[PDB]
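In listed order, ligands and their atoms are each counted from 1. All values below were derived from every heavy atom in this structure, side-chain atoms included, with hydrogens, water molecules and symmetry-related copies excluded. Numbering of residues begins at 1 and proceeds along the displayed sequence.
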Amino acid sequence: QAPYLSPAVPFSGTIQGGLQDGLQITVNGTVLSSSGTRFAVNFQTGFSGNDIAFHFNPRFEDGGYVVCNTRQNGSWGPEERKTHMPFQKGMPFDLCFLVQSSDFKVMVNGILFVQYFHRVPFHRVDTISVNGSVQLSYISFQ
Ligand SMILES: CC(=O)N[C@@H]1[C@@H](O)[C@H](O[C@@H]2O[C@H](CO)[C@H](O)[C@H](O[C@@H]3O[C@H](CO)[C@@H](O[C@@H]4O[C@H](CO)[C@H](O)[C@H](O)[C@H]4O)[C@H](O)[C@H]3NC(C)=O)[C@H]2O)[C@@H](CO)O[C@H]1O
């Protein structure tokens, strides 16, 4: 799949073939300095946002933490919070998601940050969305 270059936020975009085991999705961009305190990358089924298999949600709030969660039929599940903030307001980042059989692995700036065990079947994910306090340079697929 060809990369999305400079896509405007809020973005959604199709993932050709959907998520498969071993797929790596790179989101390269910049956290805005003064344009809010949260952003999210969502791996979801379709364009509606009611079914998000993996919501990855850094929050520059309450000391800095990242929320990982799943939305199913419009309902959010129990949050998994990583109380580390690997991003910095105003700074560029490279975020890479590795789809594995049991979990997503998430690397930030070349370092494994968190894993998230699948709560719903990943093959059903065919869409990536990004919203919030970020500007995107590219989203690429291998
Ligand atoms: C202590 C505790 O449990 N705290 C709870 C809060 O964490 C919780 O806040 C919600 O948490 C979930 C994750 O669990 C999400 O981050 C909710 O944020 C919403 O996220 C969605 C998906 O990114 C986003 O919807 C998208 O918006 C874009 C436009 O930007 C477009 O419309 C898309 O189609 C759509 O999917 C939505 O805007 C966003 N809202 C906010 C306010 O950030 C987050 O609210 C709350 C409420 O569930 O419960 C506390 O108890």
[X] side, atom [atom1]; [Y] side, atom [atom2] - distance, nearest 0.5 Å:
X     : Y      : atom1 : atom2 : result
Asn42 : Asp51  : CG    : CG    : 11.5 Å
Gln44 : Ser129 : CD    : OG    : 3.5 Å
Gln20 : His123 : CD    : NE2   : 8.5 Å

Between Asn69 and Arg119, is any side-chain donor less than 3.5 angstrom from a side-chain acceptor?
->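 The answer is yes; a qualifying pair exists.
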Would you say the side-chain atoms of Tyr116 and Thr70 include a donor-acceptor pair closer than 3.5 Å?
->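 The answer is yes; a qualifying pair exists.
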How about [atom]: does it have a protein heavy atom within less than 4.0 Å?
atom                    : value
atom 46 (C) of ligand 1 : no
atom 6 (C) of ligand 1  : yes
atom 23 (O) of ligand 1 : yes
atom 51 (O) of ligand 1 : no
atom 2 (C) of ligand 1  : yes
atom 40 (N) of ligand 1 : no
atom 18 (O) of ligand 1 : no
atom 32 (O) of ligand 1 : no

Output field: ring centroids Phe43/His55 closer than 6.0 Å |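 Not under 6.0 Å, so no.
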When the ring centroid of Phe39 is compared with that of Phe87, is the distance short of 6.0 Å?
->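 Ring-ring flag for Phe39/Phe87: true, centres closer than 6.0 Å.
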Solution key, residues 25-33 side-chain donor-acceptor pairs under 3.5 Å, sequence neighbours excluded:
from: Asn28; atom 1: ND2; to: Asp94; atom 2: OD1; distance (Å): 3.3

What protein heavy atom sits nearest [atom], and how far away is it?
atom                    : result
atom 8 (C) of ligand 1  : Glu79 OE2, 3.7 Å
atom 36 (O) of ligand 1 : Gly49 CA, 3.9 Å
atom 27 (O) of ligand 1 : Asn131 ND2, 4.0 Å

Residue part near ligand 1, for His55, under 4.0 Å between non-hydrogen atoms |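 The part of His55 near ligand 1 is the side chain, not the backbone.
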Just let me know how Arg38 lines up against ligand 1, side chain, backbone, both or neither, with a heavy-atom cut-off below 4.0 Å.
->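 Only the side chain of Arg38 comes within reach of ligand 1.
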Least distance between heavy atoms, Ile15 atom then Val125 atom =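 Here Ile15 and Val125 meet closest at CD1-CG1, 4.4 Å.
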Enclosure of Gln135 CD (heavy-atom neighbours >12, cutoff 6.0 Å) =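 Counting other residues, nucleotides and ligands, CD of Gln135 stays at 12 neighbours or fewer.
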Take atom CD in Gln88; do more than 12 heavy atoms of anything else shown fall under 6.0 Å from it?
->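 For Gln88, atom CD is not crowded (no more than 12 foreign heavy atoms under 6.0 Å).
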What about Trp76: any of its N or O atoms under 3.5 Å from an N or O on ligand 1?
->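 Looking only at distances, the answer is no, because the N/O contact criterion of under 3.5 Å is not met.
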Of all the heavy atoms in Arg59, does at least one lie under 4.0 Å from an atom in ligand 1?
->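 In this structure, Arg59 qualifies as a contact of ligand 1 - some heavy atom is under 4.0 Å.
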Any non-hydrogen atom of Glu61 lying under 4.0 Å from ligand 1?
->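 Judged by the 4.0 Å heavy-atom criterion, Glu61 does not count as contacting ligand 1.
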Solution key, residues 95-104 side-chain donor-acceptor pairs under 3.5 Å, sequence neighbours excluded:
from: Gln100; atom 1: OE1; to: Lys105; atom 2: NZ; distance (Å): 2.9
from: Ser101; atom 1: OG; to: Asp21; atom 2: OD2; distance (Å): 2.5
from: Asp103; atom 1: OD2; to: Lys105; atom 2: NZ; distance (Å): 2.8

What are the atoms of ligand 1, with element, lying closer than 4.0 Å to any heavy atom of [X]?
X     : result
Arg81 : 1 (C), 2 (C), 4 (N), 7 (O)
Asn57 : 16 (O)
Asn42 : 22 (C), 23 (O)

Who's closest to atom 34 (O) of ligand 1 heavy-atom-wise, of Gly132, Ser129, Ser48, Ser75?
->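 Comparing heavy atoms across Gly132, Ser129, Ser48, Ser75, the nearest one to atom 34 (O) of ligand 1 lies in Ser48.
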